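If you're matching positions, the sequence shown starts at 1 in the authors' numbering and goes up one per residue. Yeah, the Cβ is synthetic: ideal placement off N, Cα and C, and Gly gets one too.
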Amino acid sequence: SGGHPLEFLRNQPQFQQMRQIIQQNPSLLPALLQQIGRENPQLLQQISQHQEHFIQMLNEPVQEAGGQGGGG
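Okay, structure coming up:
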């Protein structure tokens with residue numbers, strides 16, 4: 001109803017870093033997802049296999065998490 005289906009992505013500081021960039025240009029969205037695809041495909045696949053609600057955390061800026069040891 002408005003939560004993060006991808007808890008694993010909250011463990012991704014890279015996703016938070018890139019998050020700001022996608023909000024600037026959603027055109028580079030697949031390009032950023034591309035890099036992680038070779039880093040950990042099983043992880044990027046989870047994003048697509050979970051509830052579409054994930055887009056919320058995708059379009060919302062990083063002010064929460066930023067990897068273990070960092071916050072938004």
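Measuring alpha carbon to alpha carbon, tell me which of the options ends up nearest residue i.
i	options	result
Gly66	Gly3, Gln20 and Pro5	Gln20
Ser1	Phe8, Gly72, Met57 and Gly71	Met57
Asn59	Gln42, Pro41, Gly71 and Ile22	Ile22
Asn40	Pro61, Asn11 and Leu29	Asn11
For residue i, count neighbouring C-beta atoms within 10 Å of its own C-beta (all shown protein chains included) and say buried if the count is 16 or more, exposed if not.
i	result
residue 73	The requested residue 73 does not occur in the structure, where the chain is confined to residues 1 to 72.
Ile55	exposed
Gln68	exposed
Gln42	exposed
Would you mind stating whether residue i and residue j have Cβ atoms separated by less than 9 Å?
i	j	result
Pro5	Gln51	yes
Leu9	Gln46	yes
Please return the same chain residues whose Cβ sits closer than 6 Å to the Cβ of residue i, not counting the five positions on each side in sequence.
i	result
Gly37	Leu44
Less than 7 Å between C-beta atoms, sequence neighbours within five positions excluded: which residues of the same chain meet that for residue i?
i	result
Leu29	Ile22
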